[PDB]
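S.K.: After the structure tokens below, expect a handful of questions from me.
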Amino acid sequence: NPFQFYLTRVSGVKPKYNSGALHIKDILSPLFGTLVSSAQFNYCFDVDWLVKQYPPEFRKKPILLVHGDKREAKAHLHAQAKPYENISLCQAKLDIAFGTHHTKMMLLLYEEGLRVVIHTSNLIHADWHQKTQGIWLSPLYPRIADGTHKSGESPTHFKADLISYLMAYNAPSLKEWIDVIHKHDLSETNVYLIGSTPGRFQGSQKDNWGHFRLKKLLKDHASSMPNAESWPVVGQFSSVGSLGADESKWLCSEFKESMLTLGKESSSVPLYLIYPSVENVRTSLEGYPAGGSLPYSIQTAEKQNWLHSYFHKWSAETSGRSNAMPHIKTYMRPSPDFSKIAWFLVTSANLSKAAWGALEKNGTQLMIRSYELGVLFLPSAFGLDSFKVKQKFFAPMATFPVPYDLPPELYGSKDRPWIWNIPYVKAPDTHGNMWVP
Ligand SMILES: O=C(O)c1ccc(Nc2c(-c3ccccc3O)nc3ccccn23)cc1C(=O)O
């Protein structure tokens with residue numbers, strides 16, 4: 001397969017549903033490269049657990065933890081890392097209120113080259129245990145020979161775009177990694193980078209990040225087809241922000257408008273949002289504790305009940321993962337019969353203005369609060385007009401492995417979105433327990 005899109009291993013499904021899945025220990029294995037040093041970008045870290053995931057022979061190599069924690073949370077992270085003298089930390093600046101460092105990425109420098117891993121899992125045991133999570137594995141990028149002047153750039157501009165993403169941190173530890181990336185050949189990369197970084201972007205910079213970055217790539221590198229108004233948009237996420245009092249405030253006015261872009265020319269497009277119901281969580285492998293990783297607060301939800309009419313259940317028979325709650329985030333543009341897709345994005349970005357950006361100043365500036373990162377699969381980058389949808393996730397190679405079932409199934413009238421901070425004491429979970437926050 002050209003796509004190198006993987007799911008994490010799920011403990012408790014039959015082996016056929018883990019054939020071709022990856023655990024973190026597989027990613028860090030010596031079979032992937034002889035590790036010299038690494039950078040782990042993430043939100044949440046269990047450092048003791050993380051070090052145990054590296055092969056014993058590599059556990060003393062330098063590790064950089066890139067995080068967004070402040071104040072007492074920052075002190076707790078430093079205390080976790082203090083026993084390991086090979087671990088350094090980089091605090092990503094979050095100068096806009098209510099932002100988060102969400103990006104999940106590994107930079108893996110080897111004796112043999114460099115690898116980039118963009119994924120969806122926090123660096124804690126539970127995120128790799130019984131959840132549906134996504135991973136993109138870059139090729140092994142070789143080093144450019146000393147004295148050789150070449151760009152090492154791909155047709156998708158991934159090298160310059162990754163360097164631009166890292167430059168936004170303005171961090172000395174990341175300038176070191178920028179210099180590493182400069183020295184490697186990333187030309188084989190077939191995905192486009194879609195990042196978010198905190199700021200207020202206008203003019204030339206408006207298209208660099210968030211939903212305007214997606215819109216720009218779709219304008220420039222996808223083509224519109226006849227009956228494009230009938231091709232739905234699907235968004236699938238683990239958390240929901242405050243979107244406003246009605247769908248015209250943001251969801252259907254700027255977010256959907258960016259997602260429905262195709263090609264360079266001048267809406268009734270269906271919008272499917274996939275988010276676990278209470279029943280999905282209750283009957284999951286983890287039970288109600290899975291909802292600890294589905295942060296949707298009652299304070300947010302009660303202001304936007306209009307949104308829940310867009311919600312569809314989590315179902316993943318195709319990958320044996322209907323009971324493995326999603327922490328992956330994906331967005332895509334299927335055909336009206338869901339047999340093809342015009343593009344697919346795996347990302348850290350949830351359904352929130354903080355992650356994707358919100359227009360300000362009479363539509364002239366895009367304001368983003370958080371760091372996010374994902375990779376976009378466009379048919380044109382593979383010499384194709386569209387991707388066929390792979391019927392069975394683990395079963396030509398030009399078919400794209402969509403990890404959940406299509407078409408998405410609407411919530412039933414008795415279903416409710418998972419809301420993490422209210423009790424569920426009416427039916428017990430798969431471990432015999434209720435949920436009492
Ligand atoms: O992707 C996801 O679903 C995700 C969602 C939220 C998140 N952080 C977070 C948490 C929080 C606090 C403690 C324990 C878990 C939590 O979620 N509370 C807020 C409040 C506002 C903004 C962010 N908040 C991190 C991730 C992630 O996995 O990176």
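Chain labels run A, B, ... following the order of the structure tokens; each chain numbers its residues from 1, and ligands are numbered from 1 in the order shown.
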Quick one: everything within 12 Å of stretch 216-220 of chain A, counting only C-alpha atoms, minus sequence neighbours fewer than 3 positions away in the same chain. Send it as a compact mmCIF listing (two decimals) with N, CA and C atoms, in the first residue's frame.
M.R.:
# COMPACT_ATOMS: atom_id res chain seq x y z
N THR A 156 4.47 17.47 -2.59
CA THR A 156 3.48 18.02 -1.68
C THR A 156 4.04 19.12 -0.78
N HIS A 157 5.32 19.47 -0.93
CA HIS A 157 5.95 20.55 -0.16
C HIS A 157 6.08 20.19 1.31
N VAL A 191 1.93 12.84 1.19
CA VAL A 191 0.85 13.46 1.94
C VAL A 191 1.14 14.95 2.10
N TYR A 192 0.08 15.73 2.27
CA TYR A 192 0.17 17.15 2.61
C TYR A 192 0.03 17.35 4.11
N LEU A 193 0.85 18.23 4.66
CA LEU A 193 0.76 18.56 6.07
C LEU A 193 -0.32 19.61 6.30
N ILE A 194 -1.17 19.39 7.30
CA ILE A 194 -2.15 20.40 7.72
C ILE A 194 -1.95 20.65 9.20
N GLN A 205 -0.53 35.07 5.33
CA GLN A 205 -0.47 33.98 6.30
C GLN A 205 -1.81 33.31 6.54
N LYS A 206 -2.90 33.86 6.01
CA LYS A 206 -4.23 33.33 6.27
C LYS A 206 -4.38 31.88 5.83
N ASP A 207 -3.71 31.48 4.76
CA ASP A 207 -3.85 30.14 4.21
C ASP A 207 -2.87 29.14 4.80
N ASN A 208 -2.07 29.53 5.79
CA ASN A 208 -1.02 28.64 6.29
C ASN A 208 -1.55 27.55 7.21
N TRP A 209 -2.67 27.79 7.90
CA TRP A 209 -3.03 26.97 9.05
C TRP A 209 -4.53 26.67 9.07
N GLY A 210 -4.89 25.61 9.80
CA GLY A 210 -6.28 25.39 10.16
C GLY A 210 -7.16 25.14 8.95
N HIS A 211 -8.42 25.58 9.04
CA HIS A 211 -9.37 25.22 7.99
C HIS A 211 -9.09 25.97 6.69
N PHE A 212 -8.43 27.13 6.75
CA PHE A 212 -8.02 27.81 5.52
C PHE A 212 -6.88 27.08 4.82
N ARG A 213 -6.00 26.41 5.57
CA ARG A 213 -4.98 25.58 4.95
C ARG A 213 -5.61 24.43 4.19
N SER A 223 -10.06 18.44 -7.75
CA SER A 223 -10.92 18.95 -8.80
C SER A 223 -12.37 18.70 -8.43
N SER A 224 -13.23 19.63 -8.84
CA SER A 224 -14.66 19.46 -8.61
C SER A 224 -15.22 18.53 -9.67
N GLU A 257 -17.85 25.24 4.76
CA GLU A 257 -17.49 25.86 3.50
C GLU A 257 -16.06 25.51 3.10
N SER A 258 -15.14 25.50 4.07
CA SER A 258 -13.79 25.05 3.76
C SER A 258 -13.78 23.58 3.36
N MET A 259 -14.51 22.74 4.09
CA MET A 259 -14.47 21.31 3.82
C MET A 259 -15.12 20.91 2.51
N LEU A 260 -16.04 21.72 1.98
CA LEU A 260 -16.68 21.37 0.72
C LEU A 260 -15.94 21.92 -0.49
N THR A 261 -14.82 22.61 -0.30
CA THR A 261 -14.06 23.15 -1.42
C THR A 261 -13.48 22.03 -2.28
N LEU A 262 -13.60 22.19 -3.59
CA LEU A 262 -12.94 21.33 -4.56
C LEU A 262 -12.60 22.17 -5.78
N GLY A 263 -11.32 22.29 -6.09
CA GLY A 263 -10.93 22.97 -7.31
C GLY A 263 -10.98 24.49 -7.19
N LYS A 264 -10.71 25.15 -8.31
CA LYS A 264 -10.42 26.58 -8.29
C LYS A 264 -11.58 27.48 -8.72
N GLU A 265 -12.78 26.95 -8.90
CA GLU A 265 -13.88 27.78 -9.36
C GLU A 265 -14.80 28.22 -8.23
N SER A 266 -15.54 29.29 -8.50
CA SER A 266 -16.58 29.82 -7.62
C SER A 266 -17.42 28.74 -6.94
N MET A 332 -13.31 13.52 5.79
CA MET A 332 -13.21 13.01 4.43
C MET A 332 -14.43 13.42 3.61
N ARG A 333 -14.33 13.18 2.30
CA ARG A 333 -15.34 13.62 1.33
C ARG A 333 -15.77 12.43 0.48
N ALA A 342 -13.03 11.63 -2.19
CA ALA A 342 -12.23 12.64 -2.86
C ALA A 342 -10.97 13.03 -2.09
N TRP A 343 -10.90 12.72 -0.79
CA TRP A 343 -9.74 13.00 0.05
C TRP A 343 -10.01 12.43 1.44
N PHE A 344 -8.94 12.28 2.22
CA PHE A 344 -9.02 11.78 3.60
C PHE A 344 -7.97 12.50 4.43
N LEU A 345 -8.35 12.94 5.63
CA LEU A 345 -7.45 13.61 6.56
C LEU A 345 -7.48 12.88 7.89
N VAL A 375 -2.31 14.85 8.44
CA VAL A 375 -1.85 14.64 7.08
C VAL A 375 -3.04 14.37 6.17
N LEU A 376 -3.00 14.98 4.99
CA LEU A 376 -4.07 14.93 4.01
C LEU A 376 -3.66 14.03 2.85
N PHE A 377 -4.52 13.07 2.53
CA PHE A 377 -4.36 12.17 1.39
C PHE A 377 -5.25 12.69 0.26
N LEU A 378 -4.62 13.14 -0.83
CA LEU A 378 -5.31 13.62 -2.01
C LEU A 378 -5.05 12.67 -3.17
N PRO A 379 -6.08 12.25 -3.90
CA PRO A 379 -5.87 11.36 -5.06
C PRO A 379 -4.83 11.86 -6.05
N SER A 380 -4.79 13.17 -6.31
CA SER A 380 -3.82 13.70 -7.27
C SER A 380 -2.39 13.40 -6.85
N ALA A 381 -2.13 13.30 -5.54
CA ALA A 381 -0.78 13.02 -5.08
C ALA A 381 -0.38 11.57 -5.33
S.K.: Could you find all residues in stretch 180-389 of chain A that DSSP calls strand (DSSP E) from the backbone, and write them as a VMD selection string?
M.R.: chain A and resid 192 to 196 199 to 202 233 to 236 271 to 274 311 to 312 329 to 334 340 to 347 358 to 360 365 to 368 372 to 377 387 to 389
S.K.: Step by step, measure atom-to-atom distances between ligand 1 and each residue using only C-alpha atoms and all ligand atoms, keep those at most 8 Å, then write them as number ranges by chain.
M.R.: A: 42-44, 98-104, 120-122, 237-239, 292-295, 327-329, 348-350
S.K.: Please write the residues from the selection above to a file, keeping N, CA and C atoms, as a PDB file, in the first residue's frame.
M.R.:
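Result file again.pdb:
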ATOM      1  N   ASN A  42       3.340  15.937  22.115  1.00  0.00           N
ATOM      2  CA  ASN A  42       2.082  15.365  22.576  1.00  0.00           C
ATOM      3  C   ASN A  42       1.374  16.324  23.520  1.00  0.00           C
ATOM      4  N   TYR A  43       0.237  15.859  24.032  1.00  0.00           N
ATOM      5  CA  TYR A  43      -0.534  16.573  25.039  1.00  0.00           C
ATOM      6  C   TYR A  43      -0.286  16.014  26.439  1.00  0.00           C
ATOM      7  N   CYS A  44      -0.467  14.705  26.634  1.00  0.00           N
ATOM      8  CA  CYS A  44      -0.333  14.051  27.932  1.00  0.00           C
ATOM      9  C   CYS A  44       0.744  12.978  27.849  1.00  0.00           C
ATOM     10  N   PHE A  98      -7.111  29.628  26.435  1.00  0.00           N
ATOM     11  CA  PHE A  98      -7.875  28.418  26.146  1.00  0.00           C
ATOM     12  C   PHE A  98      -7.299  27.596  24.999  1.00  0.00           C
ATOM     13  N   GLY A  99      -6.009  27.748  24.712  1.00  0.00           N
ATOM     14  CA  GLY A  99      -5.353  26.903  23.741  1.00  0.00           C
ATOM     15  C   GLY A  99      -4.671  25.708  24.383  1.00  0.00           C
ATOM     16  N   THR A 100      -4.375  24.717  23.549  1.00  0.00           N
ATOM     17  CA  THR A 100      -3.810  23.454  23.978  1.00  0.00           C
ATOM     18  C   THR A 100      -2.737  23.045  22.979  1.00  0.00           C
ATOM     19  N   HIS A 101      -1.692  22.379  23.467  1.00  0.00           N
ATOM     20  CA  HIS A 101      -0.731  21.736  22.569  1.00  0.00           C
ATOM     21  C   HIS A 101      -1.215  20.314  22.321  1.00  0.00           C
ATOM     22  N   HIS A 102      -1.981  20.132  21.238  1.00  0.00           N
ATOM     23  CA  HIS A 102      -2.608  18.847  20.940  1.00  0.00           C
ATOM     24  C   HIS A 102      -1.790  17.978  19.998  1.00  0.00           C
ATOM     25  N   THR A 103      -0.930  18.577  19.174  1.00  0.00           N
ATOM     26  CA  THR A 103      -0.205  17.834  18.149  1.00  0.00           C
ATOM     27  C   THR A 103       0.463  16.589  18.713  1.00  0.00           C
ATOM     28  N   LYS A 104       0.321  15.481  17.989  1.00  0.00           N
ATOM     29  CA  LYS A 104       0.929  14.202  18.347  1.00  0.00           C
ATOM     30  C   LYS A 104       1.824  13.754  17.201  1.00  0.00           C
ATOM     31  N   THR A 120      -2.414   9.994  16.623  1.00  0.00           N
ATOM     32  CA  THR A 120      -3.496  10.571  17.411  1.00  0.00           C
ATOM     33  C   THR A 120      -3.474  10.216  18.896  1.00  0.00           C
ATOM     34  N   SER A 121      -2.485   9.463  19.375  1.00  0.00           N
ATOM     35  CA  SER A 121      -2.531   8.894  20.719  1.00  0.00           C
ATOM     36  C   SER A 121      -1.688   9.717  21.685  1.00  0.00           C
ATOM     37  N   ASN A 122      -2.231   9.960  22.881  1.00  0.00           N
ATOM     38  CA  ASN A 122      -1.402  10.434  23.982  1.00  0.00           C
ATOM     39  C   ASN A 122      -0.402   9.359  24.393  1.00  0.00           C
ATOM     40  N   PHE A 237     -14.563  12.636  15.426  1.00  0.00           N
ATOM     41  CA  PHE A 237     -13.743  13.324  16.422  1.00  0.00           C
ATOM     42  C   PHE A 237     -14.058  12.783  17.814  1.00  0.00           C
ATOM     43  N   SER A 238     -13.204  13.146  18.776  1.00  0.00           N
ATOM     44  CA  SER A 238     -13.356  12.702  20.161  1.00  0.00           C
ATOM     45  C   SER A 238     -13.748  13.810  21.124  1.00  0.00           C
ATOM     46  N   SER A 239     -13.854  15.054  20.665  1.00  0.00           N
ATOM     47  CA  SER A 239     -14.179  16.165  21.541  1.00  0.00           C
ATOM     48  C   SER A 239     -14.878  17.232  20.714  1.00  0.00           C
ATOM     49  N   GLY A 292     -13.712   9.142  29.787  1.00  0.00           N
ATOM     50  CA  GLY A 292     -12.698  10.062  30.269  1.00  0.00           C
ATOM     51  C   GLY A 292     -11.845  10.654  29.164  1.00  0.00           C
ATOM     52  N   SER A 293     -11.840  10.035  27.979  1.00  0.00           N
ATOM     53  CA  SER A 293     -11.084  10.514  26.827  1.00  0.00           C
ATOM     54  C   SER A 293     -12.003  11.031  25.728  1.00  0.00           C
ATOM     55  N   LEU A 294     -13.261  11.301  26.067  1.00  0.00           N
ATOM     56  CA  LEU A 294     -14.233  11.898  25.154  1.00  0.00           C
ATOM     57  C   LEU A 294     -14.748  13.150  25.848  1.00  0.00           C
ATOM     58  N   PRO A 295     -13.920  14.209  25.896  1.00  0.00           N
ATOM     59  CA  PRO A 295     -14.263  15.391  26.693  1.00  0.00           C
ATOM     60  C   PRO A 295     -15.276  16.269  25.982  1.00  0.00           C
ATOM     61  N   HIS A 327     -10.357   7.670  19.534  1.00  0.00           N
ATOM     62  CA  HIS A 327      -9.586   8.860  19.839  1.00  0.00           C
ATOM     63  C   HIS A 327      -8.892   9.395  18.594  1.00  0.00           C
ATOM     64  N   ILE A 328      -8.936   8.647  17.494  1.00  0.00           N
ATOM     65  CA  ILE A 328      -8.572   9.179  16.187  1.00  0.00           C
ATOM     66  C   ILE A 328      -9.532  10.314  15.816  1.00  0.00           C
ATOM     67  N   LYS A 329      -9.048  11.254  14.998  1.00  0.00           N
ATOM     68  CA  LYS A 329      -9.900  12.252  14.350  1.00  0.00           C
ATOM     69  C   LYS A 329      -9.677  12.137  12.853  1.00  0.00           C
ATOM     70  N   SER A 348      -5.012  15.499  14.681  1.00  0.00           N
ATOM     71  CA  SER A 348      -5.340  15.675  16.086  1.00  0.00           C
ATOM     72  C   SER A 348      -6.533  16.604  16.286  1.00  0.00           C
ATOM     73  N   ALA A 349      -6.982  17.313  15.247  1.00  0.00           N
ATOM     74  CA  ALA A 349      -7.959  18.389  15.422  1.00  0.00           C
ATOM     75  C   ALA A 349      -9.367  17.845  15.647  1.00  0.00           C
ATOM     76  N   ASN A 350      -9.963  18.222  16.774  1.00  0.00           N
ATOM     77  CA  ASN A 350     -11.342  17.903  17.103  1.00  0.00           C
ATOM     78  C   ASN A 350     -12.280  18.931  16.475  1.00  0.00           C
TER      79      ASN A 350
END
S.K.: Which is closest to residue A:110 among A:37, A:318, A:330, A:148, if we use only C-alpha atoms?
M.R.: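 Closest to residue A:110 of all the choices is A:37.
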S.K.: Using only C-alpha atoms, find the one residue out of A:315, A:374, A:251, A:282 that sits nearest to residue A:425.
M.R.: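 Under the stated criterion, the closest residue is A:282.
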S.K.: Neighbours of stretch 112-118 of chain A within 10 Å (only C-alpha atoms; same-chain residues fewer than 4 positions away dropped), as an MDAnalysis selection string?
M.R.: chainID A and resid 5 27 32:41 103:108 134:144 162 180:181 183:186 193 346:348 373:375
S.K.: Identify, with DSSP run on backbone atoms, the residues in stretch 164-361 of chain A assigned to alpha helix (DSSP H), and express the list as an MDAnalysis selection string.
M.R.: chainID A and resid 164:167 172:182 210:221 256:259 278:282 298:301 353:356
S.K.: Go ahead and compute the interatomic distance for atom CA of residue A:405 and atom CA of residue A:274, in Å to one decimal.
M.R.: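 Between these atoms lies a distance of 10.6 Å.
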S.K.: Tell me which protein, DNA and RNA residues are within 7 Å of residue A:341, counting only C-alpha atoms, leaving out same-chain ones fewer than 3 positions away, and put them as a PDB file with C-alpha atoms, in the first residue's frame.
M.R.:
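The resulting file, result_3.pdb, is shown below:
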ATOM      1  CA  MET A 332     -13.210  13.008   4.428  1.00  0.00           C
ATOM      2  CA  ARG A 333     -15.339  13.624   1.335  1.00  0.00           C
ATOM      3  CA  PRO A 334     -17.143  10.455   0.183  1.00  0.00           C
ATOM      4  CA  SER A 335     -19.194  10.027  -2.970  1.00  0.00           C
ATOM      5  CA  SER A 386     -10.478   9.482  -6.436  1.00  0.00           C
ATOM      6  CA  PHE A 387      -9.801   6.711  -3.929  1.00  0.00           C
ATOM      7  CA  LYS A 388     -11.897   3.589  -3.786  1.00  0.00           C
ATOM      8  CA  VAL A 389     -12.976   2.767  -0.248  1.00  0.00           C
TER       9      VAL A 389
END
